[PDB]
Amino acid sequence: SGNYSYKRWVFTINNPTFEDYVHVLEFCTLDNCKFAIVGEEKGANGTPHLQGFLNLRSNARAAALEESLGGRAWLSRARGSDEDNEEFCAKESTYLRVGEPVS
DNA sequence: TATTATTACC
Ligand SMILES: [Ca+2]
Ligand SMILES: [Ca+2]
Ligand SMILES: [Mn+2]
């Protein structure tokens, strides 16, 4: 993963499988996260997807985070604030939330 | 980065 290692990440999982949901539920806990929010969403195409943000307690490299989330996620370092992500990932009103946004 | 996709924060 080179030096691409962060605590704060965005992720998307398109067409989540049952196993994707299990990995996300098992990982998005206070053990691992200061704050996490994951919304179940559909865009204009109607493709169901998980829309997620993680503020992790420890740095993760992409390969490790990929494994933790089930292996099918698009990942990138977060550029907005925790609150920006809390609003964005809650916008379709079917979501899981762990912890509180960190300023 | 790793990865499935038009979804992806600022
Ligand atoms: Ca970080
Ligand atoms: Ca499955
Ligand atoms: Mn979305």
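Residue numbers start from 1 in every chain, and the chains themselves are labelled A, B, ... in the order their sequence lines are given, proteins ahead of strands. Hydrogens, waters and symmetry mates are skipped; everything else that's a heavy atom, side chains included, is used.
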Exercise. Report the distance from atom CG of A/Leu75 to atom P of B/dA2, rounded to the nearest whole Å.
Key: 9 Å
Quiz item: Residues in salt bridge (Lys or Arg N to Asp or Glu O under 4.0 Å) with A/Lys91, at least two apart?
Solution: A/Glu41
Quiz item: Donor-acceptor pair under 3.5 Å: do we get one between A/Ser76's side chain and the base of B/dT1?
Solution: yes
Practice problem: Tell me which residues in residues 41-52 of chain A put a heavy atom below 4.0 Å from DNA chain B, sorted by number, or none. | Solution: A/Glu41, A/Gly43, A/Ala44, A/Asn45, A/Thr47, A/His49, A/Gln51
Practice problem: From the options B/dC9, B/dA2, B/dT7, select the nucleotide whose nearest atom is closest to the side chain of A/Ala63. | Solution: B/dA2
Quiz item: Mind checking what makes side-chain hydrogen bond (donor to acceptor under 3.5 Å, both in side chains) contact with A/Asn45, not counting sequence neighbours?
Solution: none
Practice problem: Please identify each residue that fulfils side chain to side chain contact (heavy atoms under 4.5 Å, CB included) with A/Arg77, with sequence neighbours left out. | Solution: A/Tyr4, A/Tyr6, A/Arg79
Exercise. Would you list the pairs meeting salt bridge (charged side-chain N to carboxylate O under 4.0 Å, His left out) in which at least one residue belongs to residues 94-103 of chain A, sequence neighbours left out?
Key: A/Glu86-A/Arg97, A/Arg97-A/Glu100
Quiz prompt | Between B/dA8 (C1') and A/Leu65 (CG): distance, integer Å | solution = 14 Å
Quiz item: Can you name the residues that form a side-chain hydrogen bond (donor to acceptor under 3.5 Å, both in side chains) with A/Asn14, not counting sequence neighbours?
Solution: none
Self-check item: Atom-pair distance (CD on A/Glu40; P on B/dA8), nearest Å
Solution: 14 Å
Practice problem: Take atom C1' in B/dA8 and the same atom in B/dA2, then report the distance between them in whole Å. | Solution: 13 Å
Self-check item: Aromatic stack A/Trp74/B/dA2: centroid gap under 5.5 Å, interplanar angle under 30°
Solution: no
Self-check item: For DNA chain B, the residues among residues 13-28 of chain A that have a non-hydrogen atom under 4.0 Å from it
Solution: A/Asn14, A/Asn15
Quiz prompt | Between B/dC10 (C1') and A/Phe53 (CZ): distance, integer Å | solution = 11 Å
Quiz item: Hey, does the side chain of A/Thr94 reach the backbone of A/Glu40 with a donor-acceptor pair shorter than 3.5 angstrom?
Solution: no
Quiz item: What nucleic acid atoms does A/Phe88 come within less than 4.0 Å of, heavy atoms only: base, sugar-phosphate, or nothing?
Solution: sugar-phosphate
Quiz item: Does the pair A/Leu69 and A/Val24 meet the rule for a side chain to side chain contact (heavy atoms under 4.5 Å, CB included), with working shown?
Solution: CA-CA 5 Å; A/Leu69 296 176; A/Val24 169; 4.3 Å; yes
Exercise. Hunt down any stem DNA chain B takes part in, defined as 3 or more consecutive Watson-Crick or G-U pairs whose two distances are each under 3.5 Å.
Key: none
Exercise. For A/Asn3 and B/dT1, give me the distance from atom CG to atom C1', rounded to whole Å.
Key: 10 Å
Practice problem: Look at the side chain of A/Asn85 against the base of B/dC9 and say whether a donor-acceptor pair falls under 3.5 Å; ignore hydrogens and angles. | Solution: yes
Quiz item: When the P atoms of B/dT3 and B/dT7 are considered, how many whole Å apart are they?
Solution: 22 Å
Self-check item: Pairing residues for A/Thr47 by the side-chain hydrogen bond (donor to acceptor under 3.5 Å, both in side chains) criterion, not counting sequence neighbours
Solution: none
Practice problem: Pick north or south for the sugar of B/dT7; the rule is positive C1'-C2'-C3'-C4' for north, negative for south. | Solution: north
Self-check item: Most 5' of A/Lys91 and A/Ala73 on DNA chain B, judged by nearest nucleotide
Solution: A/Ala73
Just list the side-chain donor-acceptor pairs under 3.5 Å for residues 29-38 of chain A, sequence neighbours left out, or say none.
from: A/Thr29; atom 1: OG1; to: A/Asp31; atom 2: N; distance (Å): 3.3
from: A/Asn32; atom 1: ND2; to: A/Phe27; atom 2: O; distance (Å): 2.9

Self-check item: A/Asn55 CG - B/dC9 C1' separation (whole Å)
Solution: 13 Å
Practice problem: Pick base, sugar-phosphate or nothing for A/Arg8, based on heavy-atom distances below 4.0 Å to the nucleic acid. | Solution: nothing
Quiz item: A/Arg77 side chain N/O closer than 4.0 Å to the phosphate oxygens (OP1, OP2) of B/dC10?
Solution: no
Self-check item: Nearest-Å distance for atom pair CG/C1', residues A/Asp84 and B/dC10
Solution: 6 Å
Quiz item: In whole angstroms, how far is the P atom of B/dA8 from the CD atom of A/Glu92?
Solution: 7 Å
Practice problem: Tell me, please, which residues at least two apart from A/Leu25 pass side chain to side chain contact (heavy atoms under 4.5 Å, CB included). | Solution: A/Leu96
Quiz item: Looking only at heavy atoms, which two atoms of A/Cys89 and A/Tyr95 are closest? And how far apart?
Solution: O-CB, 4.0 Å
Quiz prompt | ILVMFWY clustering at 4.5 Å (side-chain atoms), partners of A/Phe18 | solution = A/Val22
Exercise. Show your working on side chain to side chain contact (heavy atoms under 4.5 Å, CB included) between A/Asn15 and A/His49 and close with a plain yes or no.
Key: CA-CA 5 Å; A/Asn15 292 304; A/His49 61 281; over 6 Å; no
